[PDB]
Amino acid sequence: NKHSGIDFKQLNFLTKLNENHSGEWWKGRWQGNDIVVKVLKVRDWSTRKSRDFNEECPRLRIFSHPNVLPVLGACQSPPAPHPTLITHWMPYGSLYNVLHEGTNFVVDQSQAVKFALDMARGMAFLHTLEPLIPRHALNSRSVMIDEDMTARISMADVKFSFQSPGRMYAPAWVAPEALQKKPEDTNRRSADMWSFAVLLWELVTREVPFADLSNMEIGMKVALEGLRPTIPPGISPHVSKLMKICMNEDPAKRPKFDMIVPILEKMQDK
């Protein structure tokens, strides 16, 4: 084999951070690094799925862009007890954590704009890849915030071929067409721009989108009943314009990330 991956025996598990439908996250140490260990949850593991994990992981190892957070390595299973991903520990956690679960100063609107620019840069980069990294969904849980407050798109949050294919757990950020059509039948780049518009919404409101609804309700109402985020009042014209065009009903009228980067760069403090 070309790579054997990380040796599971070398990982020191320190503290449990989280658990959900996808697996468990633990803070740890490995070869002098502070890491997060993601132990994936899978039913009916097989040789085929193991082979797939090992072929899918190397695409996640992106070390050339400051706004992309790579997978540092992965533990192949067998011989690890379960398929596992390792990433460097990002001290502020996810964008979601920072915006919605902060315990201290509230991040200011300058910092929010810098988050938006960072995310757009990272997405513009990921959109240059051929083919696109499959099953990558942008949302506030899948962006991490590093020590100097840089936002980085999290490659460990990409779903694998064997994970939960018909279960969507963050539909509020998903484009209406993507709630209804197979990925093969949608323009994935345009769908990703909707997700970015919802993240702009979240940065403006500092609220969780559709926080009062369950995930099923959200997807059904967005897909079939025209439910949309309400454009917030009292915002600048160019923020309003940008959110509206990024969230256009027609996927083909939404901009490319590399066409919004220069708008966001003007909006920054310098």
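All residue numbers refer to positions in the sequence shown, first residue = 1.
Residue range whose averaged C-alpha B-factor is higher in the record, 79-87 or 163-171: Taking the mean B-factor of the alpha carbons in each, 163-171 is higher.
Mean C-alpha B-factor comparison - 258-266 and 245-253, higher one: Mean B over CA atoms: larger for 245-253.
Member of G32, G219, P237, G28 with the greatest C-alpha B factor (per the PDB record): Of the candidates given, the C-alpha B-factor peaks at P237.
Selection from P176, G73, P183, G122 [criterion: highest C-alpha temperature factor in the record]: That would be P183.
Chain-relative CA temperature factor third for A137: Top third by C-alpha B-factor.
Third of the chain's Cα B-factor distribution that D212 belongs to, per the entry: CA B-factor rank for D212: highest third.
Assigned third (lowest, middle, highest) for the C-alpha B factor of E56: Middle third, going by the recorded CA B-factors of the chain.
Ranked C-alpha temperature factor of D146 among modelled chain residues, by third: As the PDB entry reports it, the C-alpha B-factor of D146 lands in the middle third of its chain.
Lowest, middle or highest third - CA B-factor, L227: Highest third, going by the recorded CA B-factors of the chain.
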